[PDB]
Amino acid sequence: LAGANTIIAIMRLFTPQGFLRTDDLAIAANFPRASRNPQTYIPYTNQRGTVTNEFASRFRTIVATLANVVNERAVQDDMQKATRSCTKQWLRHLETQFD
Amino acid sequence: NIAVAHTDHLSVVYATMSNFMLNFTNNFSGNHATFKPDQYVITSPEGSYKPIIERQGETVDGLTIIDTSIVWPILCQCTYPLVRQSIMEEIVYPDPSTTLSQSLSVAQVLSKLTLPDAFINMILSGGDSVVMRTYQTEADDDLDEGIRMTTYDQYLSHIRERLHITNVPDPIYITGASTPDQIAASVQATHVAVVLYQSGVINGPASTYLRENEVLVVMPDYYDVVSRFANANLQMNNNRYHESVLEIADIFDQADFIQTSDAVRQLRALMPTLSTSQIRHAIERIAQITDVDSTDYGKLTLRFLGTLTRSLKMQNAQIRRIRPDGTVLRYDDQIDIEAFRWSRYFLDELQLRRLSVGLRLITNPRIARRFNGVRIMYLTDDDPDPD
Amino acid sequence: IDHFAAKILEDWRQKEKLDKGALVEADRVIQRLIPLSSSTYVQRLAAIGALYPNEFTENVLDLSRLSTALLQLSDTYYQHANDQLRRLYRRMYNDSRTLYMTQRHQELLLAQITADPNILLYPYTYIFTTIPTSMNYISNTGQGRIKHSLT
Amino acid sequence: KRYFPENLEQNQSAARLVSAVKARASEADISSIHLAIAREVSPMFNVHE
Amino acid sequence: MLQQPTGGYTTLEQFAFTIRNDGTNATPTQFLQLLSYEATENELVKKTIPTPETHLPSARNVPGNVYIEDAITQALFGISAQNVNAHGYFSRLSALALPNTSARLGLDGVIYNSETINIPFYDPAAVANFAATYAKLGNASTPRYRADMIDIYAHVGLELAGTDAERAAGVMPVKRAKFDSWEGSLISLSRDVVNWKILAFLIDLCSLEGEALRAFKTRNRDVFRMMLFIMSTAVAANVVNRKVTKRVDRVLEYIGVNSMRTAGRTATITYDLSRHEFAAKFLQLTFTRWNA
Ligand SMILES: Nc1ncnc2c1ncn2[C@@H]1O[C@H](COP(=O)(O)OP(=O)(O)OP(=O)(O)O)[C@@H](O)[C@H]1O
Ligand SMILES: [Mg+2]
């Protein structure tokens, strides 16, 4: 949307990192399934590289985006100015938890 | 009455303390209007940076709260060796040895403190990777052959920050108006072979260049990618590609940035898939194997410091100034000190020197005595040669 | 930045007076500073500063906020439609420690050396040829609405 | 728990942050955690809120 | 004593200069063939080199036999050398500068105070020629006599990267040198040069005259360029490698531009400030001899 880019860009953090998967085994087993073509969306896939994790890197760009968000936040109270920078540190620590 | 002592005595103590080993930063410039401390961080491409200065708010046993009231005792209820002169106190000229021996102890500790972490992260530096699809431009191409592609998201998460660390011009967008020679100029400017796609169909000579030269095109998304190329050959097709990993070592090749020796390549190939916790476990075991020597003052600083180090990723950690606005500046030859241009995996020059010899040792055929594969077969054992 | 700005202004006024061919008491032939170590922005000032761009003679820049204007000018020169001026500016930006001067300056340096053989002047220098530009901008800072007569 | 870097929980400026996080952080309970996992694949016959 | 041939000492097979490459002992020239250049927007324009000072530093009373060759080669291409100006034994070369001195420059690269048995040495006249210039390496450090460490490198570029046309013109584009390369190539090259008996090249560059000298300059141009290459890698701002279809091309940027950088790096041998003044003085002298 032409004027509200930052909103959409924040909204893209919510897009899933998994994949859509046909229920192959349930089809072969002839298990009941109301959908004409059965499938479920697995939230995440297996790590494929020896070191990098696509999921954790995703979260890294998410917390980076959010850190930019908190950074761009105007504040007037001094305490709010403080919790801004602390929020930034706590994000940067969540990143490592997630990793 | 106090001014004579503050000017003629305290000043040489500030002057002498300015030369001490560990007082490693500029404190001021004299301009209140403009002095902002230089703000280095230990950034890594695969993690958040640690600012060296932060409002971490820990009082360090009350070190960081500043009572201005302290000027009152100074002006009024304190005496000085110079002011007293009507008794003449002799001035004290303290031995170097006490602070030097301390400063050295600290330097000795914190020098080696990072070593096991440094070694492992030095090995794994080439191991970071991006998923990439290789579409085939022509018939009878091996699946490894063809134009190589990666999502913009992968270029952002890995390749771009490393371009910042390597301090090179940003790779050109290719609009399909682009000549192969322009792509060449870009790859020459940024030594990693990469070009962001922008828009429009890409002409065929450029495609043969992107194929022959193994340039990794950075497509924004994989939506009908064959529409993006002038597939005059008509061999390229959306269902016809081969996905695979691409290690950072398979793209970058800077020397003190990213270990890329065929030896370490091989050693990495032998490795099991790794989580960050497995790596931390490696580091802790390497640390436990070699209990580093330290002088008693060093054990004292160690226990004062004095615990975890594990919060910080050091995958390709570097030291870089951040702008106060919060962006991480590229290394600047005229501002930042030269020693920061590459953390050399935080190893000493001599360790790097020996390390090359050791890579010659590890890669040696004579010690490659773990054997893979076997052959079950039912023969007589008549004349036993192990060979 | 503010020092480099004032010096660039001084050398441009001086070179402008020299190019008109008037005899002038230049206290030093190249009035502008030579960064030895500086941030990027200073190197941009040094670059467009050494270009002696037509825009100053045309008063296209606003001198009230000089360095800003200078930074702005540099950007256009950084991506100039003229290949010559763009390659020239780029070159000056990558060799900021070198002093750049037109030939007509250099002869004055040689005269200054022939007069006092042991005079010290900056060792690292390059003699670029000035690139002509045909765009004769009208301009006038200062009050007064323009009363156009359209053709 | 691992919610806060040391020693940000102790920093005075962080109070308004720390309390906020503590307002959100439920204590762990396997029945609830497993339930959150299972709900992802179990069919929904009454619109969740 | 070794008699000097009609050509230089370099004509002897004893003094062959050959960097290791592709499993064989390559002559420097056939390594220089591997080099290729990416021209950039900048121009190198060579200024006239200032005449080296008349003064020859005193060779202070040293009882022992100074190993001059090893010192010069390590100040020039050493992987670990530093504070090359601190000892200041380069001045010792001056002891050879006198007529009829009892000092001898041995093939070992030692300066004996006295002629001694079973140690072959260069003809004292030619060595007096070589010392008559290169003793001035002894004042590479003294404030009155330091070389420019910025301008001289443009000459290096021309003598290394330059085409015959750019060379005759005296002005070439700044170039980014590159070559298909093996692991640790610059360190291996530089160590293969530290082993060179460069005093042979220097003594012939100083002693030979007339047409016989000129044939030296062509025959040994590539050697000079190899030393120049190790120096230019020592001052290059960065030495990237490029992946290209399972072949790696080492690339140093840039030839002919001293970056003054002094921080170490795995890729190439590094100059302390002292080695910058040393190499710059060495270049002033060596080019001053080279062009005549
Ligand atoms: N006027 C200029 N002169 C020389 N180099 C420039 C100039 N403008 C940009 N560059 C180079 O190109 C890059 C462009 O950076 P970018 O334009 O995003 O922000 P910037 O450096 O503040 O420039 P600008 O002020 O034009 O935004 C910089 O890293 C700089 O090295
Ligand atoms: Mg003045």
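Protein sequences appear in the order of chains D, H, W, V and A. For the authors' numbering, count along the first sequence from 1 and bump the result up by 593. All the letters of the second sequence, read from the start, carry residue numbers 693 to 777, 786 to 1087 under the authors' numbering. For the authors' numbering, count along the third sequence from 1 and bump the result up by 227. For the authors' numbering, count along the fourth sequence from 1 and bump the result up by 445. 112 is the number that the authors' numbering gives to position 112 of the fifth sequence; each next residue is one higher, with no gaps. Where is the CB? At the ideal position from N, CA and C, for every residue including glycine.
DSSP puts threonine 24 of chain A in a beta bridge; with which residues? A/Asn21
Sequence-distant residues of its chain with Cβ nearer than 6 angstroms to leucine 896 of chain H (five each side left out): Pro871, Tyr873 and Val918
Euclidean distance between Cα positions of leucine 208 of chain A and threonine 286 of chain A: 14 angstroms
Apply the 10 Å Cβ neighbour rule to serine 181 of chain A and answer buried if 16 or more other Cβ atoms are within range, or exposed otherwise. buried
Compare the C-beta of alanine 619 of chain D with all C-beta atoms of chain V and state if any pair is closer than 8 angstroms. no
Same chain, Cβ closer than 8 angstroms to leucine 202 of chain A, neighbours up to 5 away in sequence not counted: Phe130, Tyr134 and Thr286
Under three-state DSSP, which class holds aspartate 238 of chain W? helix
For chain H, is any of its Cβ atoms less than 8 angstroms away from the one on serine 458 of chain V? yes
Between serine 36 of chain A and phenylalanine 179 of chain A, is the Cβ-Cβ spacing less than 8 angstroms? yes
Where does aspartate 180 of chain A fall in DSSP's three states? strand
Using C-beta distances below 6 angstroms, list every residue in its chain close to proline 1065 of chain H, excluding the 5 sequence neighbours before and after it, in chain order. none
Going by beta carbon distance, what residues of the same chain come within less than 6 angstroms of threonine 325 of chain W, once the five residues before and after it are set aside? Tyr351 and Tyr353
Report the three-state DSSP secondary structure of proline 1065 of chain H (helix, strand or coil). helix
Going along chain H, which residues have a C-beta under 7 angstroms from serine 264 of chain W? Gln1034
Using a Cβ cut-off of 9 angstroms, which residues of the stretch 477 to 491 of chain V contact any Cβ in chain D, in chain order? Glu485, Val486 and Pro488
So, helix, strand or coil for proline 905 of chain H, using DSSP? helix
Nearest-angstrom Cα separation, counted from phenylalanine 1071 of chain H out to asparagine 623 of chain D: 46 angstroms
Looking at chain V, is there any beta carbon in it that lies within less than 8 angstroms of the beta carbon of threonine 676 of chain D? yes
Amino acids of chain V, ordered along the chain, whose beta-carbon sits closer than 8 angstroms to that of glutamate 750 of chain H: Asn452, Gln455 and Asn456
Got a sec: does ligand 3 put a non-hydrogen atom nearer than 7 angstroms to the Cβ of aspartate 953 of chain H? For ligand 3, the structure offers nothing, since it holds only ligand 1 and ligand 2.
Pick helix, strand or coil for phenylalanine 15 of chain A, following the three-state DSSP scheme. helix
Whole angstroms are fine: how far does the CA of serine 471 of chain V sit from the CA of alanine 885 of chain H? 56 angstroms
Pull up the distance between the alpha-carbon of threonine 356 of chain W and that of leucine 278 of chain W, whole angstroms please. 10 angstroms
Residues that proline 743 of chain H bridges to, as DSSP identifies them: H/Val733
Mind listing which residues of the stretch 261 to 285 of chain A have their C-beta closer than 8 angstroms to chain H's C-betas, in chain order? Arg261, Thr262, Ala263, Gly264, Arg265, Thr266 and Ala267
In the DSSP assignment, find the unbroken alpha helix (DSSP H) run with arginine 968 of chain H in it and report its ends. 962 to 970
Give me the chain W residues within the contact set of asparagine 118 of chain A, using Cβ-Cβ distance strictly less than 9 angstroms, ordered along the chain. Under the 9 angstroms cutoff, chain W gives no residues; its nearest Cβ is about 50 angstroms from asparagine 118 of chain A.
Nearer than 7 angstroms: is that true of the beta carbon of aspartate 254 of chain W relative to any heavy atom of ligand 2? yes
Minimum Cβ-Cβ distance from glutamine 632 of chain D to chain C less than 8 angstroms: In the structure shown, chain C does not exist; the protein chains are D, H, W, V and A.
Answer with yes or no whether the minimum CB distance from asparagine 345 of chain W to chain A is below 8 angstroms. no
Expected contact under 8 angstroms - CB spacing of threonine 638 of chain D and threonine 973 of chain H to nearest Å: Wrong, their Cβ atoms sit about 14 angstroms apart, outside the cutoff.
Closer than 6 angstroms by C-beta to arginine 848 of chain H: which residues in its own chain qualify, once you throw out the five before and the five after it? Chain order, please. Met832, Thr834 and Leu916
Between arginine 469 of chain V and chain D, is there a C-beta pair that is closer than 8 angstroms? no
Does the distance between the C-beta of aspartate 1032 of chain H and the nearest non-hydrogen atom of ligand 1 fall short of 7 angstroms? no
Please confirm if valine 663 of chain D has its CB atom under 8 angstroms from at least one CB of chain H. no
Any beta carbon of chain H sitting closer than 8 angstroms to that of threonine 245 of chain A? yes
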